[PDB]
Every structure is written in C-alpha cells, then in structure tokens.
Amino acid sequence: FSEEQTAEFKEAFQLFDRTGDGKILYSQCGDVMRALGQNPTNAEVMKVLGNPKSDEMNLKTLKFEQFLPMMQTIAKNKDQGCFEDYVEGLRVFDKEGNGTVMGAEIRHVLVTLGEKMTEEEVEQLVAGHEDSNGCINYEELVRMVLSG
Amino acid sequence: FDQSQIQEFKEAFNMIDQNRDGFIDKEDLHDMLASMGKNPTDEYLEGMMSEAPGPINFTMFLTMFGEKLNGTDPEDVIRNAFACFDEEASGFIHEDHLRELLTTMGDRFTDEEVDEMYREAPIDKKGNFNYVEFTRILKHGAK
Amino acid sequence: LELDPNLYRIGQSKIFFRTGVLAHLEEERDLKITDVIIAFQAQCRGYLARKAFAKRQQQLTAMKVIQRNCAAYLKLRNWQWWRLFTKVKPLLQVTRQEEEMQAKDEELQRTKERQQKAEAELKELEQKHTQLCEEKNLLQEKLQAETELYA
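Positions along each chain are numbered from 1 by the written sequence. They may not match the entry numbering, and residues without coordinates are not shown. Ligands are numbered from 1 and chains lettered from A, in the order in which they are written. For these chains, which sit within a larger assembly, all listed values pertain solely to the part presented. Side-chain measures were taken over the full set of non-hydrogen atoms in the model, leaving aside hydrogen atoms and water. Residues with missing side-chain atoms are left out of burial classes, side-chain pairs and their counts.

Method-wise, the PDB entry is recorded as coming from cryo-EM, at a reported resolution of 20 Å.

Looking at the PDB entry, one finds chain C named Myosin-11 and attributed to Gallus gallus. For this entry, the PDB title field holds "EM structure of the heavy meromyosin subfragment of Chick smooth muscle Myosin with regulatory light chain in phosphorylated state".

As named in the PDB entry, chain A is Myosin light polypeptide 6, taken from Gallus gallus. UniProt positions are given in the numbering used here, feature names are shortened, and annotations may be inferred rather than shown by experiment. Checking UniProt for chain A, the heading Subunit contains the comment "Myosin is a hexamer of 2 heavy chains and 4 light chains."

Another point: the overall build of chain C. Numbering of helices and strands runs from the N terminus; a helix is a DSSP stretch of H or I covering at least four residues, while a strand is a stretch of E covering at least two. Each helix and strand counted, chain C has five helices and two strands in total. Counting from the amino terminus, chain C carries its helices and strands in the arrangement β-β-α-α-α-α-α. Radius of gyration means the value over C-alpha atoms here, while the globule rule gives 2.2 Å times the residue count to the 0.38 power. Relative to the compact-globule value of 15 Å for 151 residues, chain C shows a C-alpha radius of gyration of 47 Å, a clear excess of over 25%. Each of the three principal axes of chain C carries a C-alpha extent, and together these read 120 × 90 × 20 Å.

Across its full length, chain A carries nine helices and four strands. The C-alpha extent of chain A, read off along each of the three principal axes, is 55 × 35 × 25 Å. Counting only contacts in chain A whose residues sit at least 6 apart along the sequence, the fraction spanning at least 24 positions is 60%. The contact criterion used throughout is that any non-hydrogen atoms of two residues lie within 4.5 Å.

Let us look at the interface of chain A and chain C. Taken together, the contact pairs 29 residues of chain A with 20 residues of chain C. Buried area counts how much accessible surface, traced with a 1.4 Å probe, disappears from two parts once they are put together, with both parts' losses summed. Summed over both partners, the interface of chain A with chain C comes to about 2,500 Å²; 65% of that surface belongs to carbon and sulfur atoms. Taken as a group, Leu-15, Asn-39 and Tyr-86 of chain A account for 23% of the area that chain A buries against chain C, more than any other trio of residues on that side. Criterion for a salt bridge: a side-chain nitrogen of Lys or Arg within 4 Å of a carboxyl oxygen of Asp or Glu. The tally of links from chain A across to chain C stands at one salt bridge. Of the charged contacts, one joins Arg-45 of chain C and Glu-121 of chain A as a salt bridge, the two residues approaching to 2.7 Å between their closest N and O atoms. Here a polar contact is recorded for every N or O atom pair within 3.5 Å, except that within protein the pair must consist of a potential hydrogen donor and a potential acceptor, and residues adjacent in sequence are included only if both atoms are side-chain atoms. Taken together, the connections running from chain A to chain C amount to six residue pairs in polar contact. Taken together, the elements giving at least two residues each to the side of chain A that touches chain C come down to helix 2 (29-35), helix 6 (84-91), helix 7 (103-112), helix 8 (119-126) and helix 9 (138-147) of chain A.

Residue and element names in this part refer to chain A. Secondary-structure assignment places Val-45 in helix 3 (residues 42-48). Three exposure classes are used, based on accessible area relative to the maximum for each residue type with a 1.4 Å probe and protein chains only: buried under 20%, partly exposed in between, and exposed over 50%. For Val-45, a relative accessible area of 6% gives the class buried. Counting along the chain gives 10 residues from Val-45 to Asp-55, while the straight-line C-alpha distance between them is 16 Å. Each residue touching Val-45, except ones within four places of it in the same chain, is listed here: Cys-29, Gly-30, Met-33, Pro-40 and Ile-74.

Residue and element names in this part refer to chain A. In the numbering used here, UniProt assigns the feature "domain: EF-hand" to residues 4-39, 81-116 and 116-148. Between the C-alpha atoms that bound residues 4-39 the distance is 21 Å, and the span itself is 50% helix and 6% strand. Helix and strand shares over residues 116-148 are 55% and 9% respectively, and the end C-alpha atoms of the span are 22 Å apart.

This part is about helix 2 (residues 44-53) of chain C. For helix 2 of chain C, every residue scored as buried is listed here: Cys-44, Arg-45, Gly-46, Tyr-47, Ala-49 and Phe-53 of chain C. Buried residues in helix 2 of chain C make contact with helix 2, helix 3, helix 8 and helix 9 of chain A.

With 30 residues of chain C in contact, the opposing surface of chain B contributes 43 residues. Contributions of two or more residues to the side of chain C that touches chain B are made by helix 3 (65-77), helix 4 (80-91) and helix 5 (95-150) of chain C. By residue number, the principal contributor to the side of chain C that touches chain B is helix 3 of chain C, which donates 12 residues. Here the residues of the side of chain C that touches chain B are counted per class, giving 17 nonpolar, five polar and eight charged. By the convention adopted, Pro, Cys, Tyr, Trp, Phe, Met, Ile, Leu, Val and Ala count as nonpolar, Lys, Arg, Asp and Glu as charged, and the other residues, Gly among them, as polar.

The next point concerns unusual backbone geometry. Residue and element names in this part refer to chain B. For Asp-96, which is not a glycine, the phi torsion comes out positive at approximately 65°. Mapping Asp-96 onto the fold places it in the loop between helix 5 (75-82) and helix 6 (98-103). For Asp-96, a relative accessible area of 51% puts it in the exposed group.

Here we come to the layout of surface pockets. Computed over the protein atoms alone on a 1 Å grid, cavities are sets of points where a 1.4 Å probe fits but cannot get out and pockets are open sets with protein on both sides within 12 Å along at least five of seven lines; a residue lines them when it has an atom within 4 Å of a point. Grid points are joined across faces, edges and corners, and a volume is the space filled by probe spheres set on the points. Roughly 590 Å³ of internal volume is contained in the second largest pocket. Taken together, 25 residues form the lining of the second largest pocket, with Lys-68, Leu-69, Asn-70 and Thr-72 of chain B together with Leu-76 of chain C sitting closest to its centre. Those elements giving two or more residues to the lining of the second largest pocket turn out to be helix 4 (58-67) and helix 8 (133-139) of chain B together with helix 3 and helix 4 of chain C. It is helix 3 of chain C that provides the largest number of residues to the lining of the second largest pocket, a total of five residues. For the lining of the second largest pocket, the residue count by class is 12 nonpolar, seven polar and six charged.

With that out of the way, let us pick up the side chain of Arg-107 of chain A. With respect to the helices and strands, the residue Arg-107 of chain A is situated in helix 7. Using a relative accessible area of 18% as the deciding quantity, one classes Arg-107 of chain A as buried.

This is how it looks when you write it as structure tokens:
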C-alpha cells in the first residue's frame, strides 16, 4: 500500500498500545486490522500469526514492521462478501417468507454456528433493529454491518 | 499572546526593571526579588539570563515569555478532552477514575507530580473533582 | 442444475429420483449450510470492533490533550523565568486597581454630566412632544383636505 495510508496505519497501530513499549498483542491483532477497515475471519488472522495457542496469544507481541506484512497478506483475499449471498443465508430462517427473522433465532444462530459470537456481541449487534413483535428485517441488518 | 497580556506584561517589565534606562541587568532582579520576598541564589540570577540569546530588553523578554507559552494547547481543546470521558452531561470527572487516567492509564505521572497537580487544583479533600476551572488554572485566567 | 433425465422422473405431485442423487442435492445440506454460515464472520465482529475503537477514535488527539497540558503546567511552573511572573501579576492589582482608581474618578466627572444631560434632554423632549401633539392633528387635517381638492 502507498506510504500515505501506511503512515495512517502507524498512527492507528500506536493507538492500540495500553502501556508504552509500542507493542500490540497477538490477541489484539485482529481488532487492529478491523480498525483499519478490514473484515477478516478469526482463522484468517490466526494463520498469519502462525497458529498460536490461547495462552501465548496474550504473551506474544507484534511491532508495526512485522504487523504491516500481515495487513498486506489479508488485504488481498481471494473472495469477499456481498449482499446477495448474505441475505440468502438469513432467508432460510425467514419462517413463512415474511422478509423478517425472529430476534431470538438471529441471536441463537450467530452464537451457535461458525465463528461463534458471545451473547453480548449479538445483543449489541441486533438491538433497536427488532420491532414491536421482536422481528428483524435481514435486508437492512446486512446493510448496517456491510456499509458502516 | 493577546493585547491584554501585552499590557500586563509591559507593566510587569516596568516593575522588574528597577533602575530603568531600558534594559534589565542582574542587580535589577536581585534588588526586586529581595523586595518582593526571598531571592533565589546567584546561580539562578545567572541561569535566568542565559535562557535569553541576547540582552534582556522588553522584546527579548517578550519573545522568551511568548516562545515558552507557545508549546501548549488552547483551553477549548482541554474542555473537549475532559468532556470525552463523561457520557452524561454532569461533566465532573470524578477522582479515583481521574486518578487512574493520570497515574496508570496514560503517560503515567509519578507520585511527586500528582501531589503538585492535586495540591494546586483543589481536591478539597471532602469536595470532589471537577472540570473546566482546572482548565482555566492550567492555562491562565486564574493562578 | 443440469440434471440428467435418467436420474429423475416427474410424477403428478412428486419428483422421483435415482439412488444417491437426492443425497448429492444433499451433501450440500450439511456442506452448504455449515459454511454459508460459518460466515457473519467478522462482518459482525468487524463492525463491532471498529465501533468499539471509535468509542475513543474521536478521543484520539483531544485527549492527550490533558496530559501534555498537565506536563507543561509543572515544567512551566517550576522553571525559573515564569516563577517571577507568577507573583508579579497578583501585585498588578494592587497597581491595576490603581489604574482602576484613575479610570473611576475620571468616570465620576462624566457620570454627573450624564445627570445634567438627562434632565435637560428630558425637558427638551417634553417640550417637543407638546409640539408633536400639535403636529399629529394638523398634518392629518391637511392630508384629508388635500385629497378632497384632488377629486
């Protein structure tokens, strides 16, 4: 990437230290990349960190110079998501073909399947988009995460 | 600096020159500092003129004063830096939260530095910390 | 799905299918579902993380702003040249109230001149409202009659 935006990435990297020795933990690494606009799976981040265990994730440290090629690897992926695929998977839970999924089902699927969110992560995501019947339009819910 | 600051500064210069002409020398400081209280040592009479790269006339003192007030931030920046820690509009950033922000979670001030900071900003001890009057004290307009 | 016509047959309500062929359209079922889930993968986490970051990525440079002022305060305060200014400006009020004494007793001369102006000015206005009582009726009388002459 150009030096222009690489200079911004230096400012953002310095804004995730909580101490002062200029190091970002392996545990923090995905959410630094997400701050800089990227949307990577946990298994995409983990792979570029060499597959560490949970214990050493809290103890292993990155500097900017070694964080920066990780940003360059995950920046060109071989795919990315859209709107067209993402509504199709949430429409399976649209009980009669309403255009709406029940807020309990949507909380339950994101926690139970795949990259398994916490109860907190789903509650923060869906709140205020579920109506008087507790029903969430999947169309605008996808637009909310994607467009930002 | 501002026009009001220039008038106060011009009157301060005119009461820190002690024999006039239109310069300030060692003796001007040594007599006046004795008159307004307890003088420092001669070391700090000498070390107060070697800040200035030329003779300590009104312009040189104004540059020396103005330059060493240049590297600071406007009060409104401080006001909307305090008012970035409150979520509710009762903008008193309470101690023992504000303590951690200075003593462990920022560029972390040592025990001496925090004692001076909370001595010249009234943590009463019984009355709680506060906000913008410890931005005015920090800048000028109070003490 | 370009199904071969030997693999299916079409009935009246149902589609008959050769052995295996349902289970491929089926595998698909486990496979198809477990990953296009699998997703939300970091679209939701990727949204939440940057929103949580921007609970202080508006704090970014306003912040720090406190600390470098606190750092400037102690080191401004405890360096020598400013220690003189710190006590001299409080003395300038005893002497900037001395400035205020000169301004005040000068103002007292202007202050009694306002009292002298105001009584005279009120009488001048009282006289000219008496006249402007007369002006309002006579100009109104003139204005009507002038229109009657125009007709």
